[PDB]
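Structure, as structure tokens:
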Amino acid sequence: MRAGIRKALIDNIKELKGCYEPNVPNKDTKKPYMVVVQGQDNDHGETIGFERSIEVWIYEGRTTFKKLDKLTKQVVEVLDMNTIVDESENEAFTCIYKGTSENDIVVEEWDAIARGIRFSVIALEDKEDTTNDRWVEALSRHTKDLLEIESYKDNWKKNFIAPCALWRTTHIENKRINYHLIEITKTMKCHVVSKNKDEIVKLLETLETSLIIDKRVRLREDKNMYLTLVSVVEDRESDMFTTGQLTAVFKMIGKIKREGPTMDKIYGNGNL
Amino acid sequence: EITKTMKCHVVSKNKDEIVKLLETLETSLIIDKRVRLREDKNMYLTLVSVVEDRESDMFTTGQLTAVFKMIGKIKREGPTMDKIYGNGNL
Amino acid sequence: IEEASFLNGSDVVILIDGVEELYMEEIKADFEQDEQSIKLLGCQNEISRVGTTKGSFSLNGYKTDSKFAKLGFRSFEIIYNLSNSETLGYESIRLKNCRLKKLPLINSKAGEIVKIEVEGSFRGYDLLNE
Amino acid sequence: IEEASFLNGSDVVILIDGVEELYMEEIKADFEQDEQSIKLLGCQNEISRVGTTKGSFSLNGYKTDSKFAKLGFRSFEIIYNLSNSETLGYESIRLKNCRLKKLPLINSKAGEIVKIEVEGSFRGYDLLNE
Amino acid sequence: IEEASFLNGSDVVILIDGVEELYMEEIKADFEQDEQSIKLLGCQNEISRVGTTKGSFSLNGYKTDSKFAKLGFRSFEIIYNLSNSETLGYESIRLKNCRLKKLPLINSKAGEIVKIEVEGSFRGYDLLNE
Amino acid sequence: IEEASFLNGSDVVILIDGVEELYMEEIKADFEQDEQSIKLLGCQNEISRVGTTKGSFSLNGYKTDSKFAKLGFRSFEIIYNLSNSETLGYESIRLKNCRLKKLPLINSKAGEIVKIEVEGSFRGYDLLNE
Amino acid sequence: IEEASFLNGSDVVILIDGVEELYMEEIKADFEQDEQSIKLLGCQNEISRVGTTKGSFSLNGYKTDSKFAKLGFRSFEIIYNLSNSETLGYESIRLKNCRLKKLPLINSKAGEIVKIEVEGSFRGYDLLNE
């Protein structure tokens, strides 16, 4: 991922003189240049998977910090949730802006001013984008058809293309309501990532309205089984990535499929 | 039926100004119990409950909490029975 | 998703005997009928009839004065204006010859507000507006 | 937003037979009538008349003495002063010839305070004030 | 586990007197029959017969107009379409000669939505579709 | 703020037929009287009279023996000492000729304590103290 | 601690009119008797006899079709197979000559499942198995 970030920064930013690895540049280097330090990979649950941390340390020639502010804005614009393709690994990803280093540091011996922008990448180990949860597949298909954005089913994938929407399942309950009938209730949460927050609001609004008005969803294209909505609720404050905004509870009833043998031939005999 | 829990902040340097503004906002919401959704009218937002937690943070949380709901009707505009005919036998 | 509206129950304005009543919390009124079920001699389906109508009504609210206790059993009119705000089509109903069944002289628990309850009967009604 | 006021039910002051009563916490009293519904030929709506009145009352409170058990079924007056504090217009009602329906001799549960419940009937009332 | 489908109760479409009704929440309707229990003179177990039938129905919903108050005790039809979206086999029932038992003129609490309740009786029904 | 006192119901001491009963939980006893309401021929308010009295009582408690089942429907006395401890003025009541209305042979749920319930009637009472 | 077993109520298999019913939740049935208590002329405890019997049954379940509304008040049989799984001793009961007390034509609420309720009476039964 170093190659991808370096290539993106060089291509999109022209004030940049170079983008190096951590302890590469010597004192003859021409400023401003950037340094791509790769942080931890931590497990952050089922929805995010392993999350990697990246820092893009900017360096500048100690003229004035306003140059560094402009360069930081440029870097954040270039990398924030814009999908990047790493030609070396031939595997894409999408950096998420996360913050900035502790203070704006001055380094006198190098005669430079440095600031560290802080990114991250989601779901490093996930490489499939497929799910055996038929309900999640059905709702992701429904969201894609209704909304004309990507849908990623079980968990985030590292090269997600904003705007998008995940449809993970958070909780499952099964009941045998009868001798022949079983009830399956799933609480399915949905995310809507996007750079533009008002776009998130619009997408969630139309998704909720579609879920209410069309109160049920084709589980498959055979039309046999439908999911039927129970309650759809949006918590807008909730985190865009870890938690997800929309919470929908779907249920579905199925019949036990006992096809026993048939009384094809019958016979009876008499006495007194 | 669409129900929204909308929280409101009132920032000001003078805290007593925050108190006055919140008081008049609460009174206005209670008296005029609904709010025109648009200048075109045709829609309204009926209040359900307005509550102020003065201790709550001015910036992160917000003081006033208001719950609004609004009822909408499905806009079915299907075809029409413009032409009707019938025939007879025995 | 075109508009609709519910008539919120805090829009009622109840005029009891020509003077507006401010503290009413709930109002009910129905126009009963004796059914007079008739079982014909050949038809298996029972048949109903209008019979005689009989109004009844009830009220709840907070006690502000001795209006009802002093009113006694005298006949009095009740007018009920349920205004709608999304569209201004207020529904107005008038009740004729209302008569209290019982004077609620005293009803007061120690730690609570003193609410008044009233019920009676009315001979007829006039649907003034709608 | 001009002032209003609810009559809190802890302003009650009940005088049972000329001696003030301290421990009552709830009092009810109504003046029932008999409806006397009448059908008339050629008039579909029923008609009501006053009929004969009939008082009834009830009381609840904490047991502090055996006043009620000693009272028996003797006739006794009840006075009910519901004072208002925002404005001083107390509503005073007098009940005439109250008579207990049953003497609550014993009503006691192991864990609770011993409460007394009373109910009876009063021939008439005098609305002393309002 | 082959598919199965309950019938969600929000699929109901109620046509009261030929004009669709949008605000109904719940509808109930049954077709009674006097049991006419017969105790034979020799046989120990009771025997029952069909007797004479009698329809009853009820409705609840939000008040949007004074349709029912206008309707009075007139005779009117109700048609009830319950669609099954998962199979499209809507079960349609028609009630003949419905008659309100009481006009719900006024029913309104202060702090809540004004709901309308209706009940009555219907002479007979037609199972239009199933 | 001068002292008052509530008679906690755990001060009750019940003597059934001269032997102290110590597993009871609550006791109720009232002295009903038939009202004998009379509608005079000229006066428009009902009049009541004392009529004939009839006692009734009831007890609940934990089962500790077959005292009541063995008692049958025999006549027996009940004393009831409601002691007050803030001031020593115990209220003592005697019930004369109590008779069980129904002999509670068995009443027992699997997972709970076996409580006994009793109800009956007593011809008269003697207010021994107050 | 040797094994025991409770008959879980989801083992029921109801066959009404010879066709299995899949959506029933609760089934109740019982075989009444008129007690015909006779008070003998010398002995001091009541004596009861069998008298005449009568059946009554009830069913609850989800609405999947208009089977019952089609069925009307026509007579029909019900069979009830309560299987046991720890041991295979199913308890099978058949109800002879059932008859609906009322057609549940419409029973629906806006935001709930459309459940069906049925009750009637059956002339007799026959315990097929146990």
key: Quotient of C-alpha Rg and 2.2 N^0.38 Å, computed over the range D:1-128   = 1.36
request  = Provide Rg over Rh for the range B:1-46; use the alpha carbon set for both Rg and the Kirkwood Rh (inverse mean inverse pair distance).
outcome  = 1.07
inquiry  = Report, in listed order, any pair from C:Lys109/E:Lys102; A:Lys255/G:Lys63; A:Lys223/A:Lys265; C:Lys96/F:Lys39; D:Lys96/F:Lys101; B:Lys4/B:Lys41 with a Cα-Cα distance greater than 26 Å.
reply    = C:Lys109/E:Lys102; A:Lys223/A:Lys265; C:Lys96/F:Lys39; D:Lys96/F:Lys101
query = Using a ≥ b ≥ c from the Cα gyration tensor of the range A:66-122 (square roots of the eigenvalues), is it rounded, prolate or oblate, where a/c under 1.5 gives rounded and otherwise the larger of a/b and b/c decides, a/b for prolate?
reply = prolate
Label spacing, shortest first and in nm, from C:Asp17 to its equivalents in the remaining copies (7 angstrom along Cα→Cβ) = 3.6, 3.6, 6.2, 6.2
request  = From other protein chains only, count the Cβ atoms within 10 Å of every residue's Cβ in C:47-54, then give the mean.
outcome  = 6
inquiry  = Using a 7 Å offset from Cα along the direction of the beta-carbon, what are the separations from G:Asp30 to the same position in each other copy, nm, ascending?
reply    = 1.8, 3.0, 3.0, 3.4
key: Where labels lie 7 Å past Cα in the beta-carbon direction, separation of B:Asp53 and A:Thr130 in nm   = 4.7 nm
note = What one gets for chain B as the Kirkwood radius, inverse of mean 1/r over different Cα pairs in Å, is 16.6 Å
task = Under 1.5 on a/c is rounded, so check that first for the range E:1-44, then, if it is not, pick prolate when a/b is larger than b/c and oblate when it is not; a ≥ b ≥ c are the square roots of the alpha carbon gyration tensor eigenvalues.
result = oblate
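When the convex hull of the C-alpha atoms of the range A:98-255 is computed, what volume per residue in Å³ does it have?
So the per-residue hull volume is 145 Å³.
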task = Could you give the size of the charge dipole of the protein assembly as shown about its Cα centre, using +1 on the Cβ of each K and R and -1 on the Cβ of each D and E, expressed in debye and rounded to the nearest 20?
result = 2780 debye
inquiry  = Mean-square fluctuation check for chain D, GNM, Cα pairs under 10 Å: which of D:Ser83, D:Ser48, D:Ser75 is largest?
reply    = D:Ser48
remark   = P(r) of the range B:39-90 over all Cα-Cα pairs, 10 Å bins starting at 0, rounded to whole percent, reads 15, 22, 19, 15, 10, 9, 6, 4, 1
Cα convex hull of the range E:69-114 - mean projected area over all directions, nm² = 5.3 nm²
ask   = Per the Kirkwood treatment, what hydrodynamic radius in Å, one decimal, follows for chain A from the mean inverse distance over all distinct Cα pairs?
value = 22.0 Å
Neighbour net charge for D:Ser83 - beta-carbon separation under 13 angstrom, K R +1, D E -1 = -3
ask   = Cross-link partners among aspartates and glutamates for B:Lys20, C-alpha distance below 13 Å, same-chain residues fewer than 8 apart left out?
value = B:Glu52
key: Extreme residue, positive dipole direction of the protein assembly as shown, given options D:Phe73, A:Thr247, F:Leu95 (C-beta unit charges)   = D:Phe73
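Hey, what does the equivalent ellipsoid look like for the protein assembly as shown, semi-axes from the Cα gyration tensor as sqrt of 5 times each eigenvalue, largest first, whole Å? Could you put the intermediate results ahead of the total?
Working: eigenvalues 856, 400, 263 Å².
For the protein assembly as shown, the ellipsoid semi-axes come out as 65, 45, 36 Å.
With an 8 Å cut-off on Cα pairs and a minimum separation of 6 or more residues, tell me the relative contact order of chain E in percent.
Numbers: 252 pairs, mean separation 33.5, N = 130.
Relative contact order, chain E: 26 percent.
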ask   = Between the range A:1-73 and the range A:164-181, what's the alpha-carbon centroid distance in Å?
value = 45 Å
Karplus-derived 3J(HN,Hα), 6.51/-1.76/1.60, for each residue of the range C:21-34, Hz, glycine and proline x = 10, 9, 9, 5, 10, 8, 9, 10, 7, 9, 10, 5, 8, 6
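If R0 is 56 Å, what FRET efficiency do you get for B:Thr61 and G:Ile38 from their C-beta distance, rounded to 0.05?
Working: r = 78 Å, r/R0 = 1.39.
With a Förster radius of 56 Å, E is 0.10.
Set the Förster distance to 30 Å, then compute FRET efficiency between A:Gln38 and A:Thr243 from the Cβ-Cβ distance, nearest 0.05. Don't skip to the answer; put the middle values down first.
On the way: r = 27 Å, r/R0 = 0.88.
Efficiency at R0 = 30 Å is approximately 0.70.
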query = If you put a point 7 Å past Cα along the Cβ direction, how far is that point for C:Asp65 from the same point in each other copy, in nm, smallest first?
reply = 3.9, 3.9, 6.7, 6.8
request  = Name the residue, out of D:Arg99, D:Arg49, D:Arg74, whose mean-square fluctuation peaks in a Gaussian network model built on chain D with Cα pairs under 10 Å.
outcome  = D:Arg49
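Report, in debye and to the nearest 20, how large the dipole of the range E:59-130 comes out about its Cα centre when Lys and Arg carry +1 and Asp and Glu carry -1 on their Cβ. Display every interim value, and only then the final one.
Values: 12 positive and 9 negative charges, 118 e Å.
About 560 debye.
Where does the charge balance sit around A:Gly18 when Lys and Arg score +1, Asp and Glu -1, over other residues with C-beta under 10 Å from its C-beta?
Numbers: positive: A:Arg6, A:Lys17, A:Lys30, A:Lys31; negative: none.
So the environment of A:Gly18 carries a net charge of +4.
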ask   = Which residue fluctuates the most in chain E, going by a Gaussian network model with Cα springs under 10 Å, if the choices are E:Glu119, E:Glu46, E:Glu91?
value = E:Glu46
ask   = Out of A:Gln74, A:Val85, A:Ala114, whose Cα points farthest toward the positive end of the dipole of the range A:65-114 (charges: +1 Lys, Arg; -1 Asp, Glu; placed on Cβ)?
value = A:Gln74
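Values in this text are rule-based calculations from the coordinates and carry no lab data. All Cβ positions, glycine included, derive from the backbone under ideal geometry; neighbour counts span all protein chains shown.
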